[PDB]
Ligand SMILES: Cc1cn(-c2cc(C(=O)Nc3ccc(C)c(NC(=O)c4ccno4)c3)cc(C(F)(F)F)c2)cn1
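Let's start with one chain on its own, the form solved without this ligand, as structure tokens.
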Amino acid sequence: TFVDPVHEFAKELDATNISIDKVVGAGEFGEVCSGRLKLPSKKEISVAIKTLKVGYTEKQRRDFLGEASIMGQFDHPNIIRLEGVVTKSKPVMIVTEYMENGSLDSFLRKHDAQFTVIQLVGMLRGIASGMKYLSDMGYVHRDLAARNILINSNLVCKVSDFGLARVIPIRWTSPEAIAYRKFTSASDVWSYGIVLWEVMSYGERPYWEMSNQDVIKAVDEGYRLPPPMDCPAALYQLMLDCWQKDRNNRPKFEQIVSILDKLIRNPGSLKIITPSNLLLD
């Protein structure tokens, strides 16, 4: 079980064991970079490193480290691993798993139509497995989107961004969560359906740049994102199932993992195949 919120769930790292190799850019609370971490066993690993800006407010420190408090509760191959934090010296740091290929949406946009369906399904299965664990822990992510999935050198996808985490992204949010803030694991399943569309579309933006009011209204009227080009029928059906109006009729994450595992085991099933216009369902 997830517990709503730092040293209970995060290791205090010795800054001597951290080196910075490359500065990436600016983040919400400070700089983002990458480097290396020396483990207590002397093993050296690549890591992502985020720093808290100089002259931070106490609220900024709380929100920054609050992410570590959440992330550190999870230990799963498809959830970004927290290596630890540095708080006893400044700048304060959060040190996480290095993911060479970055955010999934931007990665796929660089590779349009360049992966096999089975490769894409493997990515999707990883994401589903991480979400099955999160939901098992009673954590509703609320910000599940391809931009918040990171992908490593071997194409393994892992859930990231534990900032809207709980015990306003309209395009990824279920209708009931938009209507009256009804967030449940089934609203994360809705979001997963959107991620599924994002992946099969190679990082196209869900609902393109439709007015937010129209995204809300169209979805409520029963309109759904159209099948991505060359999308297997099984995967478009899975999207539609994730996007059921009645949240009780959406599959559970365990069921999504099982569905994808069957497709991986019977890749011929993906050969049955199912634009900027929404389809009424």
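Numbering starts at 1 and runs along the sequence shown. Under this definition, the rigid core comprises the largest set of C-alpha atoms superposing within 1.5 Å between the forms. Residues that one form lacks are left out of the comparison.
Although it is not shown, the form solved in complex with this ligand is what the next lines describe.
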### Task
Please work out, step by step, whether the site is open or blocked: first superpose the C-alphas near the site so this ligand is positioned as in the bound PDB entry, then count ligand atoms within 2.4 Å of this form's backbone or C-beta atoms (3 or more = blocked).
blocked
### Query
Is every one of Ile194, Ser201 and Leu278 in contact with this ligand in the bound PDB entry, taking contact as a heavy atom within 4.5 Å?
no
### Query
Which among 230-238, 25-33, 246-254, 213-221 is in contact with this ligand in the bound PDB entry, heavy atoms within 4.5 angstroms?
25-33
#### Entry: Answer option from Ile79, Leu120, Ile178, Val92, heavy atom within 4.5 Å of this ligand in the bound PDB entry
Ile79
### Message
I'd like to know if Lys53 sits close to this ligand in the bound PDB entry, meaning any non-hydrogen atom pair within 4.5 angstroms.
### Response
no
### Message
Can you work out whether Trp172 and this ligand are in contact in the bound PDB entry, taking contact to mean some heavy atom pair no more than 4.5 Å apart?
### Response
no
### Query
Any of the heavy atoms of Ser187 lying within 4.5 Å of this ligand in the bound PDB entry?
no
#### Entry: Any non-hydrogen atom of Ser129 within 4.5 angstroms of this ligand in the bound PDB entry
no
### Task
Counting only non-hydrogen atoms and a 4.5 Å cut-off, give the residues of 34-53 close to this ligand in the bound PDB entry.
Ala48, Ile49, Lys50
### Query
Since the CA distance of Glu58 and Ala26 differs by 3 Å or more in the bound PDB entry, is it closer or farther than in the form displayed?
farther
### Query
Relative to the form shown here, do the C-alpha atoms of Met93 and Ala26 sit closer together or farther apart in the bound PDB entry, given a change of 3 Å or more?
farther
### Query
Which parts of the chain move between this form and the one not shown, counting only runs of three or more residues whose C-alpha shifts are all 2 Å or more after core fitting?
24-31, 162-164
